[PDB]
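Single-structure report; data block below.
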Amino acid sequence: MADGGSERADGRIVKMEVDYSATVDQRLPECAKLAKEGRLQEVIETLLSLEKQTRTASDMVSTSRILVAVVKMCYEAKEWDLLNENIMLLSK
């Protein structure tokens with residue numbers, strides 16, 4: 001439900017700090033279905049929380065370097081699209 005997201009985030013933060021930002025791709029889809037779940041009260045709360053925090057971390061790492069503007073627009077538009085593809089109106 002939720003602890004799966006916790007362990008996944010804790011295990012993917014390491015490669016997020018190390019590996020490329022393109023890893024975002026392999027965290028977009030599996031998270032989205034989680035956001036599509038909405039089964040429990042805090043499960044989608046933690047899903048959106050972790051996805052947001054991780055996306056923010058990647059954003060701040062990229063914008064620390066030159067990848068500030070060329071990727072923040074993509075991040076935000078994709079987050080609103082994911083909102084559309086997940087439950088409408090920003091999930092719950």
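Convention: chains lettered A, B, ... in structure tokens order; per-chain residue numbering from 1; ligands numbered from 1 as shown.
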**Q.** Residue neighbourhood residue 2 (chain A), 7 Å, only C-alpha atoms, exclusion window fewer than 4 positions, as an NGL selection string
**A.** :A and (6 or 43 or 46)
Just the selected residues (N, CA and C atoms), exported as a PDB file, in the first residue's frame, please.
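Produced file result.pdb, reproduced below:
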```pdb
ATOM      1  N   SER A   6       7.564   3.700   0.461  1.00  0.00           N
ATOM      2  CA  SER A   6       8.647   4.121   1.342  1.00  0.00           C
ATOM      3  C   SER A   6       9.940   3.398   0.995  1.00  0.00           C
ATOM      4  N   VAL A  43      -2.398   6.281   1.655  1.00  0.00           N
ATOM      5  CA  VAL A  43      -1.570   5.608   0.659  1.00  0.00           C
ATOM      6  C   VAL A  43      -1.310   6.526  -0.528  1.00  0.00           C
ATOM      7  N   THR A  46       0.840   9.411   0.666  1.00  0.00           N
ATOM      8  CA  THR A  46       2.266   9.140   0.680  1.00  0.00           C
ATOM      9  C   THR A  46       2.794   8.985  -0.730  1.00  0.00           C
TER      10      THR A  46
END
```
Q. Near residue 88 (chain A), counting only C-alpha atoms, which residues have an atom at most 12 Å away, once you skip same-chain residues fewer than 4 positions from it, shown as a ChimeraX atom specification?
A. /A:35-36,38,80-84,92
Q) CA of residue 61 (chain A) and CA of residue 90 (chain A), how far apart in Å? A)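 CA of residue 61 (chain A) lies at a distance of 24.9 Å from CA of residue 90 (chain A).
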Q: Return as an MDAnalysis selection string the full set of residues in chain A whose backbone-based DSSP assignment is helix (DSSP H, G or I).
A: chainID A and resid 3:18 21:37 43:64 69:85
Q) Interatomic distance between CA of residue 21 (chain A) and CA of residue 48 (chain A)? A)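 According to the coordinates, CA of residue 21 (chain A) and CA of residue 48 (chain A) are separated by 18.8 Å.
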Q. Residues at most 10 Å from residue 27 (chain A), counting only C-alpha atoms, excluding those fewer than 6 positions away in the same chain, as a list in words?
A.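 My reading of the contact set: residues 8, 9, 12, 51, 54 and 55 of chain A.
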Q) Please, what distance in Å, to one decimal, runs between CA of residue 76 (chain A) and CA of residue 22 (chain A)? A)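 Value for the CA of residue 76 (chain A)-CA of residue 22 (chain A) distance: 15.3 Å.
Taking only C-alpha atoms into account, residue 31 (chain A) lies nearest to A:1 out of the set A:14, A:1, A:57, A:73.
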Q.
I'd like to know which of A:62, A:26, A:39, A:50 is closest to residue 7 (chain A), using only C-alpha atoms.
A.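 Using only C-alpha atoms, the shortest distance to residue 7 (chain A) belongs to A:50.
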Q. Taking into account only C-alpha atoms, which residue in the set A:18, A:89, A:5, A:75 is nearest to residue 47 (chain A)?
A.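 Result for the nearest residue to residue 47 (chain A): A:5.
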